[PDB]
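Two forms of a single protein chain come next, each set out by itself as structure tokens; they are called structure 1 and structure 2.
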Structure 1
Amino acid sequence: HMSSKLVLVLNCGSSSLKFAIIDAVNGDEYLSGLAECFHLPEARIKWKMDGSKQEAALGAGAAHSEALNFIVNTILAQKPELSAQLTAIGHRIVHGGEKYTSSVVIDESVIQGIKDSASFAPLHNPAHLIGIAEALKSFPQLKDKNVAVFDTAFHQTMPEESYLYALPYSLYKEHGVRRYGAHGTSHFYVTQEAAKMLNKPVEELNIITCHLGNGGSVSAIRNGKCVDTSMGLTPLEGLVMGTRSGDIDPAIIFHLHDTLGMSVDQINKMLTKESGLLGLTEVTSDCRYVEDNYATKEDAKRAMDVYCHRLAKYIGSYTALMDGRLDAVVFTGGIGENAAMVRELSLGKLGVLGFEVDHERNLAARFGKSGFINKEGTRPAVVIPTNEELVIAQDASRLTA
């Protein structure tokens, strides 16, 4: 009566490949790893399987081909019973444009769809296609069982009110300039879980979801559907992030260019690689540093306060999307699951809404534990660990198997 449906989850960048084998039915992880430092002498691949840690090098100047070669011919070859059990392959895509509102099975037209959306993700989307092309060559058996899962799909339920910028409308009509967001897969996941935790249908769910980790985004959920999100055309907009600025006076770009002599490419690299938490603390991108030192160091305090200021205002701003009812706020992601004070300090600014954190409960909801962190009688607040890998596995399985 019981069954397993193992799916290979792949997350391909231009110099990285995050891979995992998940049983879509129950969520069991059979393998996970990371092949990094592509086209360099350092080129290595790390993995936890049974699960203990193994590290090997693929060779100086290694590409995605040998990255899947090592998985097939070295890792999967030892456990052939595991290899045969594979029923599908899921691919994460950063940007799916307006064409893709949900996960889809990969064919020639999807390859083109990803290629056409590449305009919005010029660095990430091309790398997905390389990984997609290698998965078809390394796994011939699963060539009609490849599925694409879009970071943006979940945000396509947004009404025009939310996706349109106050720019020339022609810019949308003929160039697709629109709010698309990201972390859609995570935003979806925590919504489904919040239903379990609030003991109510996902269809009746009015929550504000905060994915804070590798990038940061807040989303406004109305009746289970996303009606607004913090990231925009690109992942640059919204929250204070590890290395990204988020919201700025757009005119700053012009002030950096015309007054400070910085090139478009210089400014682009600053807002993307040199801003955010690295910008505020002239030290590091790591939120763990700020979480620990904000009580003792000035640079850490200024970073924390700006961060939490930004987060609190976004939660507060999405009351405009709630149509009179807010069931709970949700925290998730590397930071959202682990950083207690970030949750305490940012929600503490929202007393008007009815938010106040319990310290004892807040600390308890860390390092994988899920829980309600709100003080009793106050508006619900949940820590729910995310699982983007699982969503890709579930979707890849449902549409293929």
Structure 2
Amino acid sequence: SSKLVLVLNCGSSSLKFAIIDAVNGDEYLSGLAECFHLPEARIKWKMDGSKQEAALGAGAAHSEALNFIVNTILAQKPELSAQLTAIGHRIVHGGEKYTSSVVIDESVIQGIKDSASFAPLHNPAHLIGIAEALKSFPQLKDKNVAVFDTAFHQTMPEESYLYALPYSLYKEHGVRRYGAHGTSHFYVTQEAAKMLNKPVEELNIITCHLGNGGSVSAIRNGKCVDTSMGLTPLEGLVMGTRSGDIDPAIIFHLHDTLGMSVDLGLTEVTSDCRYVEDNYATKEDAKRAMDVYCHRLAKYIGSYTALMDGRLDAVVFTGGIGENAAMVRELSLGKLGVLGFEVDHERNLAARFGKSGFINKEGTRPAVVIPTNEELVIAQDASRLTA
């Protein structure tokens, strides 16, 4: 009746996980293990309607987190464990070789190893996740599935994916642009079509995934035709600064100027284990970074009018920041008055903390907040490919 999938998303400092029924999206477990390789290493999870938290021990990382999942969390619930039909892994880079999700075998693992040069920070983490998954769940060893953040973007034509350099760069070396957060962009695209009550294959939108890293895509007739992760150029390359190492007063200021003050994606985004792009010395330094970010965000959105062929249906906001940071949406859209955008303050405040909705003034260009669910898409793909 149900097809439960264990979903693993390993990064350089954390591991986000869930158990999800791929048939209807029911969540049986979700959580976040974070502050890896530090004294503060910890794990937060939600199960049977209740939130829980434990220390993983000083210096713990992925192996330890998975151990705690199997021997503490799932040890209480062997019945849950028994239901698992597959494991889905979120993988940053699949290049041109893997343009859709795929069952993991030794050559897929080799493909991931060979892609170390793309988001290198998270590369070891993905592999450790696969290695530990195979060990901890020997019964599912032929039913691990890789789901690639580049895959959705494989529809980009060459005018979009080529660098502004000699064609030989691509012809001889295969150097090329690829795209980030593809599973999220994919998810919000399918959802936008429902919210706008139209066929996905007629959908022209611009999608802004603002989370761990920030990317913007141009969707024409339901397919990605251009994308950039230039909002956070160093994401996946450079550690950045742990939020908890910054003066708490600076961080409170950042969170409040973002528009995240009340009046899973959210737990991650406000975490003192989240890494940020600069070691802000002052409140002013933090605000500057935010203003630069909103300026660049507005430019990306404007730039993708060049992909819309005369029709733009909506701009979509998603991810830890996009779903919750009302001021990022206000300030970025507020720079695009010439395109007929106008943010409705009350609508914008309401579309936070997991609530979806339109944030435009009715009668002006649609702007929409759609909480992403990368874990569900990974579950659906993992279940579909192992059935």
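For clarity, a rigid core is taken as the largest C-alpha set superposing within 1.5 Å between two forms. Counting starts at 1 with the first residue of structure 1 and goes up one by one along its sequence.
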query	finding
From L326, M158, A194, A121, residue displaced between structures 1 and 2 - CA threshold 2 Å or more, rigid core	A121
Core superposition between structures 1 and 2, C-alpha change of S16 at least 2 Å	yes
Core-aligned C-alpha movement of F355 between structures 1 and 2 reaching 2 Å	no
After fitting the core, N73 CA displacement of 2 Å or more between structures 1 and 2	yes
Rigid-core-fitted C-alpha displacement of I106 between structures 1 and 2 (angstrom)	1.4
Between structures 1 and 2, how far the Cα of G246 shifts once the core is aligned, in Å	22.9
Rigid core fit between structures 1 and 2: Cα deviation of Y169 in angstrom	2.1
